[PDB]
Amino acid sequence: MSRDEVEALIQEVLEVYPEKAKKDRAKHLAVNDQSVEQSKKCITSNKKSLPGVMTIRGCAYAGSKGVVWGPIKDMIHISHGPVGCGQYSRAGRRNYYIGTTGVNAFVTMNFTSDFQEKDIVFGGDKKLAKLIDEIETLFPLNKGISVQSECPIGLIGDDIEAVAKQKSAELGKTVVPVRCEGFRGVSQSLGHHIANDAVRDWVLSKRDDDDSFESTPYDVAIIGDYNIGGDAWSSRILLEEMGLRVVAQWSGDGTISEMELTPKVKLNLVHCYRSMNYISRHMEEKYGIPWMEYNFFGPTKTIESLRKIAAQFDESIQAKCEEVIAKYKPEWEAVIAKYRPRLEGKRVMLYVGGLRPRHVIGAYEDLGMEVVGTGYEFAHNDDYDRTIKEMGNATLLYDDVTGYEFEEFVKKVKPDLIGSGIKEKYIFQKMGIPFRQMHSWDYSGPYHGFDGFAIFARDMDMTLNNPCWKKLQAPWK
């Protein structure tokens, strides 16, 4: 598909819109050129969603509660307000963890204040205070509490900060008020930021005075890995075999203790730039901890990343990096040996959130697959900057893609596979296009690391080459 052909596609699809919307969207759709260094010359991002167009995006509550804070296993995260948000978000995100749920770990539970009318009318500050006492009685082994604010908290004028500071002093446990009301910002993005800022303000400085912890030269922390399907575990392993000691995972299988120990580390390894760039910069400025972006989808990226990580340390660690690489060499080769022939030349359209639309391209490419379109729900131009050199010439790029736009693109582009979210999945199966979940991994995974790559490859094959896709045509038609 030429560059002009994809430009024409965009014009064709833009024809449906009232003029106001028509003018907005035009700025959010692009054909990739790889000479471009500054993304903003061809696509805008991180703007308001248009009313009535069926955006796929969510809210700042999703970005804070669902994404950043929820995974932290030894704390209780209160969905503060009416009952919907915490119900719909109960255990929909596969942020894996090791615990005794309901006793010492709480991830898959839904704690809420469950606002009634009188809580709207007369405020929920007294409710919230009472609730936190009840938590302390019924769940004594919690190691702190966050309060995830939902739409009404800010509009009725409740002062959760006041309650948090009081309760925190009275319990001897940290109590974190988070203003992640879903009216704030435009998407999940601001949620991440609000959440990173709550970490900074309320938890992270807690051991500034305390240097009881024994540090070593090889201490790291994984930042922005939410352990979807054990992804951070798939990643942790490689770093420990390389001879690093991983003090912390933010926040998949994370604990308040490890968050509090992360100021003691030597390096921060940022998998998800979008969600946790904010805290990595804070810890650079305040603690002098360097940080580096990395990529553990598929062997080419995993190998680059390991060596790039290993170079931050001495030569003992750079040796062990070559040993790890050598050990996994035959395993990833077997996976490619088997799967690439079943997948050579297949074309993929992605649509995801803030990271995976660029990050997973290498993994496809190691299986001989071409990503011919990719987009993000709530990314900023820094993300798109990093997308330029990943996607090839004359490929389709879309931001806050509308239900309409994605359908029409897929019909014209006719991909062999689509990698997106749950709201998209059942639309394209009925059209006849193999579809893989690129958020939940379709209840499979992990995909990170060497061990991940085997499962990813297996899954792309099992879905793309499945018998079901040859049968959608009734044979008497």
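Residue numbers here begin at 1 and follow the sequence given.
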Query raised in the report: Looking only at CA atoms, which has the higher mean B factor in the entry: 82-90 or 382-390?
Result: 382-390
Report summary line: The stretch carrying the higher mean Cα B factor in the deposited entry, 5-13 or 458-466, is 5-13
Report summary line: Residue set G254, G354, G172, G99, per-entry CA B-factor max assigned to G172
Query raised in the report: Which has the highest CA B-factor per the PDB entry: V360, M242, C151, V186?
Result: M242
Report summary line: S45: CA temperature factor from the record, placed by chain third, in the middle
Report summary line: Binned into thirds over the chain's modelled residues, the C-alpha B-factor of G123 lands in the highest
Report summary line: Here the Cα B-factor of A26, set against its chain, lands in the third termed middle
**Report entry** Record-listed C-alpha B factor of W291: chain third
**Finding:** middle
Requested in this report: Would you please rank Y218 by its C-alpha temperature factor against the other modelled residues of its chain and give the third it falls in: lowest, middle or highest?
Outcome: highest
